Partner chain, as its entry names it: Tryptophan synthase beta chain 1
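Starting off, we have a lone chain in the form deposited without the partner chain, written out as structure tokens.
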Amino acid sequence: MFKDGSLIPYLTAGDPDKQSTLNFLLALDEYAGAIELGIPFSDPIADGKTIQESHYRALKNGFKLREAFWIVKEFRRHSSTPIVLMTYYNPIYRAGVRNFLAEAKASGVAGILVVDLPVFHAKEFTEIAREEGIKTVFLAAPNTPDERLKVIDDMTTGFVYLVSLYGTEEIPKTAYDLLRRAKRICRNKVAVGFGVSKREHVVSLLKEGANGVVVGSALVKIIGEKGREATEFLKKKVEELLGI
């Protein structure tokens, strides 16, 4: 979904509020190959500490599901950078898969990543996503075996998102091994969420074959600290990571 060498910011919708999120997106767009917008959830058990706290913040401040769509829709007026909605299944399930995906599209979403999509539902979900015009993004962690990477690559229409709960401050070996395995298997492009915090991380990861590098925790850490005034600090952290 993005150019090779792309940096992909991840932001939590409504952290600290929907207007600020929108502001952060507009400020980072010029460096983005694509953007992951996370829908906060009460039990984000698949995320690392930093991102989990951002979900807590967003929810405490009163985030409401469709505000995520408001954000995408407003962003669309200014830019066409691909946006991938990242969510837990619960919200989608409760709202009705097709309804959600349909609403997602109408607002401008290009792709969707369902963190904990039950395998039992993968098939129908992907079919509906295709019908509704939304590209799929599936996640794989270091404990994902080659056979599953393949099943994942065959269902993916957007890109494969490789993650590492490991944290770091070096990229863990197990993260690199996942990347190496994926490139040897995936036809789709792959993006990596290995918690980059330094310029050397971005350089290395792209050099090792990542088509794109997601930058989430780094960005979210500044937002948890600066609140609405995070903007400028965000632009500096991305420039730092890009060597500019």
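Residue numbers count along the first chain shown, from 1.
Heads up, the form solved in complex with the partner chain isn't pictured, but that's what we're talking about next.
- If you check the partner chain in the deposited complex, you find no heavy atom from any of 176, 207 and 209 within 4.5 Å.
- With the partner left out here, the partner chain still marks one of 144-152, 76-84, 97-105, 126-134 in the deposited complex; by a 4.5 Å heavy atom cut-off that stretch is 144-152.
- Shown alone here, residue 194 lies farther than 4.5 Å from the partner chain in the deposited complex, counting heavy atoms only.
- Of the heavy atoms in residue 71, none are within 4.5 Å of the partner chain in the deposited complex.
- Although the partner is absent here, residue 64 is a contact residue: one of its heavy atoms lies within 4.5 angstroms of the partner chain in the deposited complex.
- Under a 4.5 angstroms non-hydrogen atom cutoff, the partner chain in the deposited complex has residue 90 among its neighbouring residues.
- Among 59, 185, 218, 28, the residue placing a heavy atom within 4.5 Å of the partner chain in the deposited complex is 59.
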